[PDB]
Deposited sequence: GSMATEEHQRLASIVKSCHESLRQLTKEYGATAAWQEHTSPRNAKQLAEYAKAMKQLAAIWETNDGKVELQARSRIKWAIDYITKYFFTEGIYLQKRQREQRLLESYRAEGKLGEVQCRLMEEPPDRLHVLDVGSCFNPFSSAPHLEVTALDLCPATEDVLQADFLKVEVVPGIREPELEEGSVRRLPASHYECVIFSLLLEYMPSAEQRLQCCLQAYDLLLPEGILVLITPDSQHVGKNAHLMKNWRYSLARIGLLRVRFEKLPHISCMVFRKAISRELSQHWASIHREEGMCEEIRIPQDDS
């Protein structure tokens, strides 16, 4: 049906109705034991989420009109370069700093310039990344998404219309994000990437699944 309904349903299942965050945690714990048992990794640091709050902190980037704000149990901060509705904060995400030690966005001259680090259970890039000028700026957005996420939070990535998705999967794994869902909807590909319990775990996964010819960034032809 709709990417919006698809994403609300996934988020709800991931944190509430299906505990997918706990399922993937187990998969990642087993993967780490496998790697340690092969001497390829040592004593890495792991960071886990507490039980989800009743109200999830969701950052909707390139939101346009804040579709997610009325979804139950989502507390949505919506940003857009050119907001269409008054409830979307103006921001060029490429110029946003991710700042530890703050609780809410800070604005200068009416533009979001700073967001709280490690604060959001969910970051949503719905048909946003194809607006970036370069491949390296698409990666930059996902790197900011990673500093914004709580441990085991999820990046919801929706892009318009296989080896390229394997490349994005590899590129995002290099920076700590492991894909946990991929679904094809009419005219779009719907993906969710999870902030792994350990970035080093994610990077080693990517090392193993690197095919020859693929870049470190995330590309749009």
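For this chain, the deposited residues without C-alpha positions form the stretches 1-72, 234-240, 301-304, given in sequence order.
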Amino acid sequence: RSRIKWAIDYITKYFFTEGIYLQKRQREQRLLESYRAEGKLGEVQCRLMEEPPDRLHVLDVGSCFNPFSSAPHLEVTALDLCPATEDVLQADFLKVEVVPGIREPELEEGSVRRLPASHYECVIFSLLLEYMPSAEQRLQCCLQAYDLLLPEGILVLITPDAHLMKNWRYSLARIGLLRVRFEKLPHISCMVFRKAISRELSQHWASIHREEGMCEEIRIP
From here on, numbers count along this sequence of modelled residues.
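When the mean C-alpha temperature factors of 152-160 and 182-190 are read from the deposited coordinates, 182-190 comes out higher. In this entry, the higher average B-factor at the C-alpha atoms falls on 200-208, of the pair 200-208 and 5-13. Taking the deposited Cα B-factors for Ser34, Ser63, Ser69, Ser171, the highest one is held by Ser34. Comparing the listed residues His57, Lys195, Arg27, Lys166, the entry records the largest Cα B-factor for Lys166. For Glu104, the recorded CA B-factor ranks within the middle third of the chain. Only modelled residues enter the ranking. In this PDB entry, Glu136 carries a Cα temperature factor that places it within the middle third of its chain's modelled residues.
Compared with the other modelled residues of the chain, the Cα B-factor recorded for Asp80 ranks in the lowest third.
Ranked by Cα temperature factor within the chain, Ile175 sits in the lowest third according to the deposited record.
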